[PDB]
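K.L.:
A single structure is presented below for examination.
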Amino acid sequence: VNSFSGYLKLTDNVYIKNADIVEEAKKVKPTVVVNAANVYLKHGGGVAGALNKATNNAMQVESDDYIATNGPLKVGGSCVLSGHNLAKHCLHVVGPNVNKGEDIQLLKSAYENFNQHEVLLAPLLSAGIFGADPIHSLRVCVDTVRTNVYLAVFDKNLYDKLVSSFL
Ligand SMILES: O=C(O)c1csc(CCNC(=O)c2cc3nc[nH]c3cc2F)n1
């Protein structure tokens with residue numbers, strides 16, 4: 001049993017809810033919240049901008065030190081950093097950004113990072129301002145992630161479309 005509430009069950013291990021991931025993280029304090037990161041960990045907008053704002057920019061400060069030491073992530077890659085006031089840990093995962101021309105096949109590699117964590121609160125990778133089709137992102141998620149993933153979808157209209165079209 002875990003503390004996630006109000007989710008629709010899509011499969012054995014994937015659950016979904018119309019929710020603001022920031023508010024959901026603040027209430028659950030999950031072990032892992034996933035950020036929709038870019039390779040530079042520049043958390044300017046979308047999910048990343050919202051998560052970072054909720055940490056009062058502490059996420060960005062920590063991220064800048066990480067990049068100064070380690071250099072950029074790979075598209076499809078990830079790193080584990082602090083969850084600050086939102087979670088124990090934040091898994092920063094880089095989905096391909098279609099608006100940068102990045103190969104959508106890397107979306108599966110991005111979701112594979114979730115398998116290193118038994119339970120996660122996450123957004124749909126490469127959705128929103130990353131330009132991919134969220135229906136496709138949900139399909140890749142379901143077909144790739146084997147650990148228990150709680151997906152937060154901010155837009156109610158999109159949430160309803162994702163549920164109604166799910167196979
Ligand atoms: O419906 C979805 O989940 C969806 C559609 S596009 C996309 C990526 C961009 N997300 C955001 O800008 C975003 C900003 C927030 N500010 C406060 N809480 C937020 C949650 C967010 F998700 N997510």
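All residue names refer to the structure tokens as shown: chains lettered A, B, ... in order, residues numbered from 1 in each chain, ligands numbered from 1 in order.
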Within 10 Å of range 130-143 of chain A, counting only C-alpha atoms, which residues show up once you throw out same-chain ones fewer than 5 positions away? Write them as a PyMOL selection string, please.
P.N.:
chain A and resi 10-16+36-38+46+94-102+104-105+107-112+114+123-125+149+151+153+158-159+161-163+165-167
K.L.:
List as an mmCIF file with N, CA and C atoms, in the first residue's frame the protein and nucleic acid residues lying within 8 Å of ligand 1, with only C-alpha atoms and all ligand atoms counted.
P.N.:
```cif
data_model
loop_
_atom_site.group_PDB
_atom_site.id
_atom_site.type_symbol
_atom_site.label_atom_id
_atom_site.label_comp_id
_atom_site.auth_asym_id
_atom_site.auth_seq_id
_atom_site.Cartn_x
_atom_site.Cartn_y
_atom_site.Cartn_z
ATOM 1 N N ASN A 18 -5.432 13.303 -13.302
ATOM 2 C CA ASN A 18 -5.405 14.715 -13.673
ATOM 3 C C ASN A 18 -4.948 15.481 -12.443
ATOM 4 N N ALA A 19 -3.702 15.940 -12.453
ATOM 5 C CA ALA A 19 -3.165 16.613 -11.281
ATOM 6 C C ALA A 19 -1.976 17.465 -11.687
ATOM 7 N N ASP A 20 -1.728 18.493 -10.871
ATOM 8 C CA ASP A 20 -0.525 19.307 -10.954
ATOM 9 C C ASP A 20 0.578 18.577 -10.200
ATOM 10 N N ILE A 21 1.626 18.153 -10.917
ATOM 11 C CA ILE A 21 2.679 17.338 -10.311
ATOM 12 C C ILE A 21 3.329 18.052 -9.132
ATOM 13 N N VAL A 22 3.374 19.385 -9.164
ATOM 14 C CA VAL A 22 3.919 20.143 -8.039
ATOM 15 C C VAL A 22 3.061 19.942 -6.800
ATOM 16 N N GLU A 23 1.743 20.104 -6.950
ATOM 17 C CA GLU A 23 0.832 19.940 -5.824
ATOM 18 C C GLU A 23 0.805 18.495 -5.360
ATOM 19 N N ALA A 36 10.981 16.518 -15.998
ATOM 20 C CA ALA A 36 11.143 16.590 -17.451
ATOM 21 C C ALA A 36 12.286 17.547 -17.770
ATOM 22 N N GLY A 45 10.959 26.186 -17.911
ATOM 23 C CA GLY A 45 9.541 26.178 -18.206
ATOM 24 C C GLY A 45 9.011 24.762 -18.204
ATOM 25 N N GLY A 46 7.728 24.642 -18.527
ATOM 26 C CA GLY A 46 7.089 23.348 -18.470
ATOM 27 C C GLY A 46 7.118 22.783 -17.062
ATOM 28 N N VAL A 47 7.159 21.454 -16.987
ATOM 29 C CA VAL A 47 7.235 20.782 -15.695
ATOM 30 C C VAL A 47 8.477 21.225 -14.928
ATOM 31 N N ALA A 48 9.620 21.321 -15.612
ATOM 32 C CA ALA A 48 10.864 21.652 -14.922
ATOM 33 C C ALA A 48 10.797 23.035 -14.300
ATOM 34 N N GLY A 49 10.305 24.016 -15.055
ATOM 35 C CA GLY A 49 10.180 25.352 -14.502
ATOM 36 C C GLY A 49 9.273 25.379 -13.293
ATOM 37 N N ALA A 50 8.175 24.618 -13.342
ATOM 38 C CA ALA A 50 7.242 24.583 -12.224
ATOM 39 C C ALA A 50 7.854 23.903 -11.005
ATOM 40 N N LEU A 51 8.515 22.761 -11.203
ATOM 41 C CA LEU A 51 9.152 22.093 -10.061
ATOM 42 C C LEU A 51 10.214 22.988 -9.447
ATOM 43 N N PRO A 123 5.678 12.928 -14.797
ATOM 44 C CA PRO A 123 4.924 13.429 -15.941
ATOM 45 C C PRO A 123 5.164 12.514 -17.140
ATOM 46 N N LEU A 124 4.363 12.717 -18.174
ATOM 47 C CA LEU A 124 4.612 12.046 -19.442
ATOM 48 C C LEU A 124 5.832 12.651 -20.130
ATOM 49 N N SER A 126 8.542 13.853 -22.729
ATOM 50 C CA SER A 126 8.526 14.464 -24.048
ATOM 51 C C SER A 126 7.191 15.110 -24.405
ATOM 52 N N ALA A 127 6.225 15.156 -23.472
ATOM 53 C CA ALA A 127 4.948 15.825 -23.698
ATOM 54 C C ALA A 127 5.103 17.331 -23.488
ATOM 55 N N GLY A 128 3.987 18.051 -23.551
ATOM 56 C CA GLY A 128 4.024 19.482 -23.297
ATOM 57 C C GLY A 128 4.968 20.167 -24.259
ATOM 58 N N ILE A 129 5.802 21.064 -23.720
ATOM 59 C CA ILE A 129 6.693 21.869 -24.552
ATOM 60 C C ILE A 129 7.799 21.066 -25.219
ATOM 61 N N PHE A 130 7.957 19.777 -24.882
ATOM 62 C CA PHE A 130 8.907 18.936 -25.597
ATOM 63 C C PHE A 130 8.361 18.426 -26.928
ATOM 64 N N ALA A 152 1.077 12.095 -13.468
ATOM 65 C CA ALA A 152 0.288 13.295 -13.251
ATOM 66 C C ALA A 152 0.192 14.037 -14.577
ATOM 67 N N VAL A 153 -1.036 14.295 -15.013
ATOM 68 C CA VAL A 153 -1.311 15.006 -16.253
ATOM 69 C C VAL A 153 -2.008 16.310 -15.892
ATOM 70 N N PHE A 154 -1.345 17.436 -16.160
ATOM 71 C CA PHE A 154 -1.847 18.740 -15.729
ATOM 72 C C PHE A 154 -3.158 19.107 -16.415
ATOM 73 N N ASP A 155 -3.249 18.885 -17.720
ATOM 74 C CA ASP A 155 -4.383 19.361 -18.503
ATOM 75 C C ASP A 155 -5.533 18.363 -18.430
ATOM 76 N N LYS A 156 -6.694 18.823 -17.940
ATOM 77 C CA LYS A 156 -7.849 17.940 -17.803
ATOM 78 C C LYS A 156 -8.300 17.417 -19.161
ATOM 79 N N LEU A 158 -6.479 16.920 -21.802
ATOM 80 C CA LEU A 158 -5.557 15.898 -22.273
ATOM 81 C C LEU A 158 -5.722 14.616 -21.478
ATOM 82 N N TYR A 159 -5.875 14.741 -20.159
ATOM 83 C CA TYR A 159 -6.117 13.572 -19.319
ATOM 84 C C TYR A 159 -7.286 12.744 -19.853
#
```
K.L.:
From the set A:106, A:32, A:25, A:119, which residue has the shortest atom-to-atom contact distance to residue 74 in chain A, counting only C-alpha atoms?
P.N.:
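Comparing A:106, A:32, A:25, A:119 against residue 74 in chain A, the winner is A:106.
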K.L.:
Given the choices A:41, A:93, A:59, A:1, which gets closest to residue 76 in chain A if the distance is worked out from only C-alpha atoms?
P.N.:
A:93
K.L.:
Quick one: DSSP alpha helix (DSSP H) residues in chain A, as a ChimeraX atom specification?
P.N.:
/A:21-28,46-54,58-70,106-112,134-144,156-164
K.L.:
Do a neighbour search on residue 62 in chain A at 10 Å with only C-alpha atoms, toss out local chain neighbours closer than 5 positions, and write the hits as a list in words.
P.N.:
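Within the cut-off, the hits are residues 41, 57, 67, 81, 82 and 84 of chain A.
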K.L.:
Please, which residues of chain A, numbered as in this document, come out strand (DSSP E) from DSSP, as a PyMOL selection string?
P.N.:
chain A and resi 8-9+14-18+32-37+78-82+89-94+119-122+148-153
K.L.:
Only C-alpha atoms, please: the residues just picked out, written as a compact mmCIF listing (two decimals), in the first residue's frame.
P.N.:
```txt
# COMPACT_ATOMS: atom_id res chain seq x y z
CA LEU A 8 -7.05 5.48 -12.43
CA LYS A 9 -5.30 2.14 -12.90
CA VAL A 14 0.88 2.25 -14.39
CA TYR A 15 -1.58 4.69 -12.81
CA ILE A 16 -2.77 8.10 -14.04
CA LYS A 17 -4.44 11.21 -12.59
CA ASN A 18 -5.41 14.71 -13.67
CA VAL A 32 11.03 9.89 -6.29
CA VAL A 33 9.55 12.70 -8.38
CA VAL A 34 10.57 12.74 -12.05
CA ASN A 35 11.53 16.01 -13.71
CA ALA A 36 11.14 16.59 -17.45
CA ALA A 37 14.71 17.83 -17.75
CA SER A 78 19.05 10.83 -16.25
CA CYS A 79 20.57 11.76 -12.93
CA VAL A 80 19.34 11.53 -9.34
CA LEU A 81 19.48 14.74 -7.33
CA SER A 82 17.70 16.03 -4.25
CA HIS A 89 14.85 12.45 -4.64
CA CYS A 90 14.31 14.02 -8.03
CA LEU A 91 15.06 11.83 -11.04
CA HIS A 92 15.90 14.30 -13.82
CA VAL A 93 15.10 12.46 -17.07
CA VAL A 94 15.82 13.87 -20.54
CA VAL A 119 7.86 3.72 -7.23
CA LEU A 120 7.79 7.13 -8.97
CA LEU A 121 5.58 10.18 -9.42
CA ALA A 122 6.12 11.38 -12.97
CA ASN A 148 5.15 1.39 -10.27
CA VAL A 149 4.58 4.75 -11.93
CA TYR A 150 2.00 7.37 -10.94
CA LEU A 151 1.52 9.76 -13.87
CA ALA A 152 0.29 13.29 -13.25
CA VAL A 153 -1.31 15.01 -16.25
```
K.L.:
So the first atom is CA of residue 28 in chain A and the second is CA of residue 5 in chain A; what is the distance between them in Å, to one decimal place?
P.N.:
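A separation of 9.0 Å between them.
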